[PDB]
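Written out below as structure tokens is the structure these notes cover.
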Amino acid sequence: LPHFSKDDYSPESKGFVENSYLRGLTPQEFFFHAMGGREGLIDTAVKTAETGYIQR
Amino acid sequence: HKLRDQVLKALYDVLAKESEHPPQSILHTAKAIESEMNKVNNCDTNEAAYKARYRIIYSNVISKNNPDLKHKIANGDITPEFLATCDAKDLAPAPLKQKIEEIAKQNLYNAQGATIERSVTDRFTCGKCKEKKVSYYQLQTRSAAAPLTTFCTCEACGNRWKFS
Amino acid sequence: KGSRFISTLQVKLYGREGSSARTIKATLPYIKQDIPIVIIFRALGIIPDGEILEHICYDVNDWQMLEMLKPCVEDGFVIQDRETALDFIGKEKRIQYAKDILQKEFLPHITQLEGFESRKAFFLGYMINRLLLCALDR
Amino acid sequence: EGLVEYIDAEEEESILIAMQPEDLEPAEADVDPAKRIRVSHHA
Amino acid sequence: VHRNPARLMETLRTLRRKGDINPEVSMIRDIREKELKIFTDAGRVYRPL
Amino acid sequence: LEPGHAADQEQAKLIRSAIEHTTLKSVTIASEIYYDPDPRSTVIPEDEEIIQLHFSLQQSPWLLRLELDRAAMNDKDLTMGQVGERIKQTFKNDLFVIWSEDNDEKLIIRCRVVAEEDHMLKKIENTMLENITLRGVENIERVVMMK
Amino acid sequence: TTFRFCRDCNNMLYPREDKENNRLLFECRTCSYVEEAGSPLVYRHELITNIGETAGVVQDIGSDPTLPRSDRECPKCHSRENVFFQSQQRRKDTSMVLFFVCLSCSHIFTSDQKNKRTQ
Amino acid sequence: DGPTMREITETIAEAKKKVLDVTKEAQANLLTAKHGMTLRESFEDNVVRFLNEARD
DNA sequence: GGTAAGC
RNA sequence: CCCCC
DNA sequence: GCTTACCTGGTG
Ligand SMILES: [Zn+2]
Ligand SMILES: [Zn+2]
Ligand SMILES: [Zn+2]
């Protein structure tokens, strides 16, 4: 993110959410959680036809 | 008799070319033919594979490093061994000998394939072996309406399962 | 907004890592075959190798990049002047058609007027540089 | 009055952004347990 | 090309901040590649900071 | 692994060497072309010792010289002779192959051909690298040891 | 391999043998130019490329505000003013070594503990 | 629980320390290879694991 | 817009 | 289309 | 060894 420095490999910079859903996510954590969230939804959307035609 | 004269000539010269020179003229000659007599013990000019043995003896002597193989070959050092040696590597020098060890070690490390540890939890218990050495991971298999999936692996027996 | 001029110029690095003589060629609009980069530069007025080289590799100490350009120099040896280069498109009829393509259809952004060949030449050199920069693990 | 600017994704690549004016601005010159854990004024 | 890109970059940024160059025009300096990219271009998604 | 050899790591390493497809390119550090006109006396001072050997017991002034990596060579249980002989059989009586022996600091192979001459040596170096099998089975591109 | 260009026409020079005196020459194909060779080395092909250098350090590389800064003292000037980064030739097979460029004396230093690395 | 939240916070910070330590080790070209190759791949394994052990 | 079995 | 596990 | 000709989830 532009919020970090260059060459940052720290838990924070590479997507480690350290808080609980009870505590709340920081803006960065919120965005990185969204990045990895989307992951599944993409697969399920893509797979759907291939998984179907195999069934048939 | 090509080698019978050439093995000698090359041995004589590259054993006199040393800082030692030929003071042992009757012994440098004897050392050369004695090495050449047991040299023919390889094939006796019956196979060309004998010629390949010469190149080993000659090369390790010239080289520079090592210069000391020369001086110590006129001083003494086993002549029958320096034919059935195969010790092409153990003979000459020592910094290369140390380097070959480091090479061999590293290459054997390199040759081994990827491991991948996997972080385990006591929380889940296996079905078959009933052990709490479980390594999971989650994935959004269903719609955004229902939750993730959680795929557990038993790092003990090696068994895989799923969740809602 | 100069009438949907979607001209897609490609500068290809022919030949893989293992295959000898890795040649650089380019696809020109309305020009069927892929012209070797040297011939284009020659058709843009830049005639000797070394002047053509200077348009691509800005540093003389970069022996790596220059070695990759060596087979190109050889690839365009046959064409030795501008009218010879422009003819290597598609005679007389061939020479005008080429002038027009390199003028109006090649690198249409910047300018597509007439009095800028150097402007296009230097740009083609920039593309080749960025290409060779990726050919190298750079 | 040059207090606020417009930045596209290309220009963004060359800037370093603060999240909050407080959370990331004044230098350092007990803590709430209920509150979520944040980073720093790093540079 | 430009010999002192550091100064030019500042003279451009302050010129835009003043209003003299449209606030939407984008300017980037890539020190590593020795390049200065300017976009007057339509269709660029941008935010205020 | 063969029954009573399944516990020996060193056995498996040797089998690995016997299986994995090893090219000349896989062991080569670099290949050079020199104008070395005297066969009896090399322009390269390093190669002095290589000459004094493969000579003590009409060709081409153009020299193809390739340096090999000890580590690479050692991983696949190879030696200068084995490598040289493979080049000697892939080119037959067309190329003149001489080489440095197994304990010299720098591992080198010197080549000479038998109008023009120069450009056909760049041709020979391409086929040399790209397609010379030293050890191994084709298609098997990488082999790893596992426990 | 440091290749030269023909005088007169700027065109690239190619090797040629002077069999008569056993020496190498470089001739022009666009004209009748011929010059002596320097090295006997006519072509080098490198397969194994051992490099992992610093970067395109402008004597004002410090102007980059996205760069991280350390309080490590300079080995030359002893100014605790530095800007750091990883290898710029960024191969997958690269060490995580850092290159500090002191803003005061513009000298490069490495975080290396394996050897006595400055470059 | 309150003291449990203290425990959980020092746990995350403890793993974060190990990460920084494996970072400073990698940064000073001291990090060792791993059969599972690349110094970079190797560093990321150690980091990833430490942060997973932390969540768990 | 991806694979294979045609010429 | 606009909705679904 | 290149060009063709087939295909690509379920309801409403
Ligand atoms: Zn189990
Ligand atoms: Zn000339
Ligand atoms: Zn300094």
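Ordering of the structure tokens sets the chain letters (A, B, ...); residue numbers start at 1 within each chain; ligands are numbered from 1 in the order shown.
Residues with any atom within 8 Å of residue 106 (chain C), counting only C-alpha atoms (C1' of nucleotides) and excluding same-chain neighbours fewer than 2 positions away, are residues 7, 9, 28, 29, 101, 102, 103, 104 and 108 of chain C.
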Limited to N, CA and C atoms, could you put the picked residues into a file as a short mmCIF file (atom, residue, chain, number, x, y, z; two decimals), in the first residue's frame?
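Saved the output as out-v6.cif:
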data_model
loop_
_atom_site.label_atom_id
_atom_site.label_comp_id
_atom_site.auth_asym_id
_atom_site.auth_seq_id
_atom_site.Cartn_x
_atom_site.Cartn_y
_atom_site.Cartn_z
N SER C 7 -3.57 1.56 -33.75
CA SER C 7 -2.36 1.00 -34.35
C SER C 7 -1.49 0.35 -33.26
N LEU C 9 1.73 -1.51 -32.67
CA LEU C 9 3.08 -1.88 -33.10
C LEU C 9 3.71 -2.84 -32.10
N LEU C 28 4.75 -3.95 -38.66
CA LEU C 28 4.25 -2.66 -39.11
C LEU C 28 2.85 -2.77 -39.70
N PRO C 29 1.94 -1.81 -39.39
CA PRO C 29 0.56 -1.89 -39.94
C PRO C 29 0.54 -1.89 -41.46
N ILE C 101 3.43 4.80 -44.86
CA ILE C 101 3.20 3.92 -43.70
C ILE C 101 4.01 4.36 -42.49
N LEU C 102 5.33 4.54 -42.69
CA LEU C 102 6.25 4.97 -41.64
C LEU C 102 5.93 6.36 -41.11
N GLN C 103 5.27 7.17 -41.95
CA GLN C 103 4.90 8.54 -41.64
C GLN C 103 3.58 8.63 -40.90
N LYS C 104 2.52 8.08 -41.50
CA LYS C 104 1.15 8.18 -40.99
C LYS C 104 0.71 7.07 -40.05
N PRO C 108 1.78 6.35 -34.60
CA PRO C 108 0.89 7.48 -34.94
C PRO C 108 0.72 8.56 -33.89
#
*Given a cut-off of 7 Å, what residues near ligand 3 show up using only C-alpha atoms (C1' of nucleotides) and all ligand atoms, put as a VMD selection string?*
chain G and resid 74 to 79 102 to 107
Expected file: the selected residues, C-alpha atoms, as a compact mmCIF listing (two decimals), in the first residue's frame:
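The new file part_26.txt reads:
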# COMPACT_ATOMS: atom_id res chain seq x y z
CA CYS G 74 28.10 5.63 7.61
CA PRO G 75 31.42 3.70 7.34
CA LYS G 76 32.98 6.73 5.50
CA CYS G 77 31.48 9.96 6.96
CA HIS G 78 29.87 8.47 10.13
CA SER G 79 26.51 10.21 9.42
CA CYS G 102 24.28 7.59 2.98
CA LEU G 103 22.58 10.88 2.08
CA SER G 104 25.64 12.88 3.34
CA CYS G 105 28.59 11.30 1.38
CA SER G 106 26.56 9.27 -1.20
CA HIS G 107 28.69 6.10 -0.46
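Neighbours of ligand 2 at a cut-off of 7 Å, computed so that only C-alpha atoms (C1' of nucleotides) and all ligand atoms are counted, are the residues residues 6, 7, 8, 9, 10, 11, 28, 29, 30, 31, 32 and 33 of chain G.
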Output file for the residues above (C-alpha atoms, as a compact mmCIF listing (two decimals), in the first residue's frame):
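Listing of again_28.txt after writing:
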# COMPACT_ATOMS: atom_id res chain seq x y z
CA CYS G 6 34.76 1.18 -38.78
CA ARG G 7 36.34 4.60 -39.38
CA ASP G 8 34.84 6.40 -42.46
CA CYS G 9 31.43 4.47 -42.46
CA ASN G 10 30.30 3.95 -38.80
CA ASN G 11 29.36 0.29 -39.63
CA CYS G 28 34.60 -3.44 -42.58
CA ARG G 29 32.05 -5.04 -44.89
CA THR G 30 30.55 -1.69 -46.02
CA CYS G 31 34.05 -0.62 -47.27
CA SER G 32 37.77 -1.69 -47.55
CA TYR G 33 38.73 -0.72 -43.97
*Identify, counting only C-alpha atoms (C1' of nucleotides) and all ligand atoms, the protein, DNA and RNA residues located within 6 Å of ligand 1, and give them as an MDAnalysis selection string.*
chainID B and resid 126 128:131 154 156:159
*Select residues of chain H: the criterion is any atom within 12 Å of an atom of chain F, counting only C-alpha atoms; output as a PyMOL selection string.*
chain H and resi 35-37
*Do me a favour and pick out the residues of chain H within 6 Å of chain G, using only C-alpha atoms, as JSON, numbers by chain.*
{"H": [26, 27, 28, 29, 38]}
